[PDB]
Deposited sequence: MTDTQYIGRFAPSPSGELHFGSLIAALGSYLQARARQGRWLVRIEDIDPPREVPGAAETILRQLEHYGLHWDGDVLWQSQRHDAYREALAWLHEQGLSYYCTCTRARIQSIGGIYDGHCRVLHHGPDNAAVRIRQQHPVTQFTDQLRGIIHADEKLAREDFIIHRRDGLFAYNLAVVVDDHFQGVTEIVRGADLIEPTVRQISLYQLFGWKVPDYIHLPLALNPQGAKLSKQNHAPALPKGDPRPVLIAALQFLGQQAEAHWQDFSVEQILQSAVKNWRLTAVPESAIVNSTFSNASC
């Protein structure tokens, strides 16, 4: 089956150099594998995001030559799907309602103890937690090798729907990547630790687990003007050939050659650069 990858930005700001790295690396790996590359706007909580940011992000991708396949998926148009997934989990004996306060959880060290797991509380003024069976605590990264996660965090009956009504990231990412047919997730190293919880969720749904690559995080908005020197800097960051005389080429030519020359093994394995 065809490779399917994606870039899934949060519209809490515009793209910066760090998010360009994630977009570019996901794009290059997808195109090198003769695959599809999709874009999903994570506008799951629009009251806490910035009007106009999603549109800015899509325009920036186009400016840097990173054109996606198909239609953009919007998480603001997917709450029906998340609700459906929650209903299935509850019906299948895989979730429960938790009425514990923030203060209680804080007092026991910040990781839930499964207090409400067999209390059979109703949905009224409650969070929804997953009822883990066999938590995943390690995974394979195609760049970094085998990763060992924080065991206490990995084994928690984690929140999948918040008491304030927000759908949890870990729920929505699995439901949407599955819906879009994603076969490999190429993203930043800041998402390493939640990976094992997401894999646990794929297993509870009975769904095929994708492959994972976590790129190094670039640490301290993209220029509106000439994108070429910024693209060259991003290619260098990712350990790729970085054309000296970029002034003689278009963005499109630079990307076409970067796809031809893409070497995953040359990407740095540091968590942060």
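- Absence of C-alpha coordinates is noted for several segments of the deposited sequence, namely 1-3, 224-236, 290-298.
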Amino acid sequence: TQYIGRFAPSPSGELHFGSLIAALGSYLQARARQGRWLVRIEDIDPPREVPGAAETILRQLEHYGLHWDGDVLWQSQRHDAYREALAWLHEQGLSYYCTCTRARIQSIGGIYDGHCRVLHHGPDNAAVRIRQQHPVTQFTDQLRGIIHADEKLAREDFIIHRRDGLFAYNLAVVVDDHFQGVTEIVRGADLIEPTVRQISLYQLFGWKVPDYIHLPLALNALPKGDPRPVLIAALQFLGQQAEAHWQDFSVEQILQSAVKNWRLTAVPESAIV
From here on, numbers count along this sequence of modelled residues.
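- In this entry, 146-154 has the higher mean Cα B-factor, the comparison being between 196-204 and 146-154.
- Checked against the record, the higher mean CA B factor of 206-214 and 224-232 lies with 224-232.
- Of the candidates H178, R78, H115, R163, it is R163 whose Cα B-factor is highest according to the PDB record.
- When the C-alpha B-factors of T137, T140, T101, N170 are read from the PDB record, the largest value belongs to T101.
- Among the modelled residues of the chain, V267 sits in the middle third by CA temperature factor in this PDB entry.
- When the modelled residues of the chain are ordered by their C-alpha B factor, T183 lands in the lowest third.
- Among the modelled residues of the chain, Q133 sits in the highest third by CA temperature factor in this PDB entry.
- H121: CA B factor in the highest third of modelled residues in this chain (values from the PDB entry).
- In this PDB entry, the Cα temperature factor of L20 sits in the top third of its chain's modelled residues, the highest group.
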